[PDB]
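Trainee:
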Amino acid sequence: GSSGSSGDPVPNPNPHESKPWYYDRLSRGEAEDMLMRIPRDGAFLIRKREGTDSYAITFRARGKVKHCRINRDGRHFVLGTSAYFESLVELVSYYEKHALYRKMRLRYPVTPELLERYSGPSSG
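Counting with the entry's author numbering, you get residues 1 to 124 for the letters of the sequence shown.
(1) How long is the line joining the alpha carbons of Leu115 and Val89, rounded to whole angstroms?
(2) Mapping DSSP to helix, strand and coil, what is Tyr23?
(3) When the Cα atoms are used, what is the spatial distance from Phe85 to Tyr94?
(4) Short check: CB of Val65 to CB of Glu32, under 8 angstroms?
(5) Is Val110 buried or exposed, if buried means 16 or more other CB atoms sit within 10 Å of its CB?
(6) Would you check if there are 3 or more beta carbon pairs closer than 8 angstroms linking the segment 3 to 20 to the segment 33 to 44?
(7) Below 8 angstroms on the Cβ atoms is my guess for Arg72 versus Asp53; work out the distance and round it to an integer in Å.
(8) What do you reckon, is the C-beta of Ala43 under 7 angstroms from a heavy atom of the ligand NAD?
(9) Kindly identify the DSSP beta-bridge partner or partners of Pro9.
(10) DSSP three-state call for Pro112: helix, strand or coil?
(11) Using a 10 Å radius around the Cβ and a threshold of 16 neighbouring Cβ atoms, would you call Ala43 buried or exposed?
(12) Let me confirm a value: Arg102 is counted as buried when at least 16 other C-beta atoms fall within 10 Å, else exposed. Which label applies?
(13) Does the Cβ-Cβ distance between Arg47 and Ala56 come in under 8 angstroms?
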């Protein structure tokens, strides 16, 4: 227990790392499972994998769960096609309109609060 002065700390040029659907300590082992736990047909989650500057997004396709390799093209993120996005954030909102696989599209961004709410009566 320690507090005192606090207002506006240093800026955060990485909003994605702050987003709720943003996973840092997540691994396929669970990542995939999560989607399988979501009774919704259109979930999506973005996790990071140590090693290189390449991320992967896991979603659910009418049941199954696929993954899309995320690359970078000069301080810019590139899902799969010619889609420049200063940050994954914009990429998410951009796709929200268009499709991702066939007809479905980012609608229910798997969150750490949902998994719990979708499992067990209480959570603490």
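Note that beta-carbon positions come from the ideal geometry of N, C-alpha and C, so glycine has one too.
Mentor: By the coordinates alone:
(1) 22 angstroms
(2) Reduced to three states, the DSSP call for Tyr23 is strand.
(3) Each residue's Cα considered, the two are about 9 angstroms apart.
(4) Contact: yes.
(5) buried
(6) With the cut-off at 8 angstroms, the segment 3 to 20 and the segment 33 to 44 do not touch.
(7) 6 angstroms
(8) The ligand NAD is not part of this structure, which contains no ligands at all.
(9) None, per the DSSP bridge assignment.
(10) helix
(11) buried
(12) exposed
(13) yes
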